[PDB]
Amino acid sequence: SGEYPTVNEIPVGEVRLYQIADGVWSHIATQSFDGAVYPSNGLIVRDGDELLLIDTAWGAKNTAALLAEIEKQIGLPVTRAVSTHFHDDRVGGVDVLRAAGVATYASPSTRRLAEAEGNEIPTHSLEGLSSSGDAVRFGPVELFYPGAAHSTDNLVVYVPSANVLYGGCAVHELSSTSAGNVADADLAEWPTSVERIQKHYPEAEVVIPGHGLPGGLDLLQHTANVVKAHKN
Ligand SMILES: C[C@@H](c1cccc2c(-c3ccc(CS(C)(=O)=O)c(F)c3)c(C(=O)O)[nH]c12)n1cc(CNC(=N)N)nn1
Ligand SMILES: [Zn+2]
Ligand SMILES: [Zn+2]
């Protein structure tokens with residue numbers, strides 16, 4: 001009823017949307033992994049009379065439910081999707097999107113890692129993002145490669161019309177006490193990559209983590225803090 005959705009407010013197998021700003025929503029779904037249940041976020045950005053999707057809803061059935069929830073709540077077609085790294089909370093559901101007519105995109109690094117890991121593979125490669133600090137425009141957003149952090153391929157997304165920074169899994173929520181699933185992370189480089197985000201997007205008003213509650217710019221420093229303590 002208005003608060004940011006958590007696992008306890010999303011019915012089984014469903015997705016909920018949250019209005020972040022004019023023409024910007026997050027999507028929230030839940031999934032089980034190694035015997036525990038986790039929430040995860042993505043983004044939806046209005047692109048005229050179409051929608052740009054950032055990240056799947058973590059699984060085929062969740063992503064089908066996402067498309068149905070978008071049709072119910074927004075009613076504009078999703079035409080393109082970008083996955084911000086290679087893990088299943090970002091690409092799991094790409095096959096569903098592709099069969100629903102959505103053009104799916106990721107960096108070549110993400111596509112290679114997804115392929116090698118056996119995860120679903122976005123169709124189209126996003127060039128121009130291979131060096132840290134690189135940025136490219138993609139419809140109503142800017143895509144930014146901050147350097148290795150949660151994964152070597154992680155991208156962040158900025159919505160300039162609303163000053164919304166979607167950090168993906170390189171950014172953690174304020175309540176977090178550890179650095180999440182770090183199996184593919186670079187804990188030594190992560191603070192430097194966060195510093196790059198801070199320097200590039202100093203006017204961000206909303207910061208959205210890959211998992212958990214949005215907040216403000218404090219999420220970036222908090223993330224650096226929890227990562228440094230995980231490493232040390
Ligand atoms: C599919 C994905 C995955 C599954 C389950 C949990 C998470 C979390 C996470 C875990 C805990 C918290 C709470 S908290 C910050 O308070 O600890 C959180 F907010 C997020 C993250 C993330 O952190 O983005 N991602 C996860 N995955 C798969 C792999 C590869 N694994 C490997 N052995 N090679 N890595 N991630
Ligand atoms: Zn991940
Ligand atoms: Zn994640």
Side-chain angles (χ1 to χ4, degrees), residues 4-10 15 18 26-43 53-63 66 81-96 106-107 109-122 143-157 165-191 193-194 197 207-215 218-232:
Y4 199 81
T6 79
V7 297
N8 308 299
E9 288 91 58
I10 297 165
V15 172
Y18 183 87
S26 65
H27 64 82
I28 313 87
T30 58
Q31 189 54 269
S32 280
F33 180 93
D34 289 14
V37 175
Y38 303 89
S40 81
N41 298 318
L43 206 70
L53 183 63
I54 311 297
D55 291 326
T56 69
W58 197 353
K61 290 174 79 171
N62 278 351
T63 299
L66 169 63
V82 171
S83 297
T84 61
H85 68 276
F86 74 101
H87 290 157
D88 196 43
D89 58 317
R90 311 293 130 194
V91 298
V94 154
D95 288 355
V96 161
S107 75
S109 181
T110 296
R111 296 179 74 260
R112 287 188 281 279
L113 294 166
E115 189 179 10
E117 204 69 58
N119 295 345
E120 305 166 27
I121 309 161
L143 307 178
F144 180 70
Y145 175 53
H150 167 79
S151 64
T152 55
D153 60 324
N154 48 31
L155 301 180
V156 312
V157 179
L165 178 61
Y166 176 84
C169 303
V171 177
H172 281 291
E173 74 175 320
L174 288 176
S175 67
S176 55
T177 62
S178 83
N181 194 332
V182 297
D184 295 316
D186 185 335
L187 297 180
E189 199 59 47
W190 197 333
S193 300
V194 164
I197 299 170
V207 179
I208 303 168
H211 305 263
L213 309 177
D218 274 19
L219 275 67
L220 302 182
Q221 189 57 231
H222 179 67
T223 297
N225 295 340
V226 301
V227 167
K228 289 141 146 149
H230 196 292
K231 195 190 68 121
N232 296 323

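Worth knowing before you read on, the calculation uses all heavy atoms, side chains too, and leaves out hydrogens, waters and symmetry mates. We number each residue from 1, following the sequence as shown. One-based numbering, in listed order, for ligands and for the atoms of each.
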Visitor: Once salt bridge (charged side-chain N to carboxylate O under 4.0 Å, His left out) is applied, what residue pairs with a partner in residues 86-95 remain, sequence neighbours excluded?
Guide: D55-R90, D95-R98

Visitor: So which protein heavy atom does atom 21 (C) of ligand 1 come closest to, and at what separation?
Guide: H211 NE2, 3.4 Å

Visitor: In the structure I gave you, are the side-chain heavy atoms of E173 and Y4 within less than 4.5 Å of one another anywhere?
Guide: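 No; the side chains remain at least 4.5 Å from each other.
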
Visitor: Would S178 count as a polar contact of ligand 1, with the cut-off being nitrogen or oxygen pairs under 3.5 Å?
Guide: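 There is such a contact, yes.
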
Visitor: With no hydrogens and no angle check, do the side chains of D153 and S107 hold a donor and an acceptor under 3.5 Å apart?
Guide: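 The answer is no; no qualifying pair exists.
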
Visitor: Ligand 1 versus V226, non-hydrogen atoms closer than 4.0 Å: side chain, backbone, both, neither?
Guide: neither

Visitor: What residue and atom, counting heavy atoms only, is the protein's closest point to atom 12 (C) of ligand 1, and at what distance?
Guide: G180 CA, 4.0 Å

Visitor: Please classify the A183 to ligand 1 contact at 4.0 Å (heavy-atom distances, strictly less than): side chain, backbone, both or neither.
Guide: side chain

Visitor: Does any non-hydrogen side-chain atom of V157 lie less than 4.5 Å from one of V82?
Guide: no

Visitor: Can you count the protein N/O/S atoms lying under 2.8 Å from the Zn ion (ligand 3), leaving waters out?
Guide: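 Every protein N, O or S atom under 2.8 Å from the Zn ion (ligand 3) counted, the figure is 3.
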
Visitor: Test of understanding: given a 4.0 Å heavy-atom threshold, classify the contact between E173 and ligand 1 as side chain, backbone, both, or neither.
Guide: neither

Visitor: Does atom 26 (C) of ligand 1 have a protein heavy-atom neighbour under 4.0 Å away?
Guide: yes

